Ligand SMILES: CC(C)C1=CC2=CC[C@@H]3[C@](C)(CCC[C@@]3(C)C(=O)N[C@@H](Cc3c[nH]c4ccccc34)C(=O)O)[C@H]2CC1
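Taking the form solved without the ligand, here's one chain by itself in structure tokens.
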């Protein structure tokens, strides 16, 4: 009944324990030591970190707990505003935007984003095809170039052309500078300038599209044409801007991290790589993969789910108790008390996954119906789960499938995993050499 709590530093409470470049990995070690629930305090704040499926399934009951705007989300809200990710569930724009955008993020909707995803995918594979013998690839760097550009094209038909440059388009620079500044807060002049660079570009694109009247296959067209069936209202131009900035912020790094971690696990487990590469060869028989072919990349999808099991790229999400309640028959909580779900620990719960939790075994996802409810939560929970989850997996399955069709990979530095933490996780410094199989592209 008494909750464990790690070391306290007087009036600093537990804050000093997170004065580190890798706070989630430090919290996982605290979960290692204290078990399924621990208390964590900062000067005027309290949170309880949950690690076991037993307690997390109760936390995921939406009649009892709702998404909380953590301090990180409040700082990201200075530029993400009231877009989906940084809104309270009871804010009117959360509901409006959710009802309008849901159907445009469905698996069926991926069919209309497929060609633009392929356009950027092909640009990445062609870059690697064109490398000389004395060169290597910087994985996370190229995966981020890919994901940013794909979200810019599918989101608002805008080309960042990140594969044509050494220094990123100026929006990307301000966006990543903006996000790092908000994560560092856990400058002001630079922060305000970076907000303006983001709003100026996105506002201009929205004003240009409304002027032309053109209809394309992007999310902006859907937002300009959508009407919330409940209120009957469309989103205004400011909120559309925040949704756009939000797709980029929430989707670019989580998705590039997944691709980087999946390639990492594959070069470290050659037998799994070979099985995934043999599926890619059999399925992707055309020089341009089709939507239906990506859907048949089943083992590739299993590789991606297992990479997400071990290193879910948006690793913690925050909840608040809606009313007074008791968690797991043991821990009484009051209305408003906050819970943090530590996804990487949930995904290491030996009572669900077996004792081999640290092993990379995509075969765990062979039968998706066997995974207990709330045991696997890389996309968060319920109505506040990631709306971009079908987009992210289609993109990553498409791209990983193409990589495996076209190249053999070498882990030429015997890379040592070093997980860098920002809003998201990624394998910093991960580099490979790819040798082309010379297959038509």
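Numbering follows the first chain given and starts at 1.
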- Message: Residues without coordinates, deposited sequence, stretch from residue 186 to residue 187: is the count none, 1 to 3, 4 to 9, or 10 or more?
- Response: 10 or more
- Query: Which is higher on average in the deposited entry, the C-alpha temperature factors of 148-156 or of 211-219?
  - Reply: 211-219
- Message: Mean Cα B factor from the PDB record: higher for 4-12, or higher for 432-440?
- Response: 4-12
- Reading the B-factor column of the entry, which of 306, 230, 337, 141 has the highest value at its C-alpha atom? 230
- Highest Cα B-factor in the deposition, which of 393, 30, 60, 375? 30
- Query: Taking the C-alpha B-factors as the PDB entry records them, is residue 387 in the lowest, middle or highest third of its chain?
  - Reply: lowest
- Message: Going by the CA temperature factor in the PDB record, which third of the chain does residue 419 belong to: lowest, middle or highest?
- Response: middle
- Item | residue 75 by Cα B-factor - lowest, middle or highest third of the modelled chain | highest
- Message: Quick check on the deposited entry: does the C-alpha B-factor of residue 50 sit in the lowest, middle or highest third of its chain?
- Response: middle
- Task: Compare the C-alpha B factor of residue 81 with those of the other modelled residues in its chain, then answer lowest, middle or highest third.
- Result: middle
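Just so it is clear, the following notes concern the form solved in complex with the ligand, a form of the same protein that is not shown.
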- Query: Which one, 71-79, 326-334, 355-363, 266-274, holds residues whose non-hydrogen atoms are within 4.5 Å of the ligand in the entry with it bound?
  - Reply: 71-79
- Task: Have a look at 281, 131, 122, 183 for me and say which one sits with a heavy atom within 4.5 Å of the ligand in the entry with it bound.
- Result: 183
- Note on the structure: Picking from 64, 45, 29, 54, the single residue whose non-hydrogen atoms come within 4.5 angstroms of the ligand in the entry with it bound is 45
- Item | Candidate spot 137, 163 and 409, all three touching the ligand in the entry with it bound (heavy atom, 4.5 Å) | no
- Message: Is residue 432 part of the interface with the ligand in the entry with it bound - any heavy atom within 4.5 Å?
- Response: no
- Query: Would residue 18 count as touching the ligand in the entry with it bound under a 4.5 Å heavy atom rule?
  - Reply: yes
- Should residue 321 be classed as touching the ligand in the entry with it bound when contacts are defined as heavy atoms within 4.5 Å? no
- With heavy atoms only and a cut-off of 4.5 Å, decide whether residue 261 touches the ligand in the entry with it bound. no
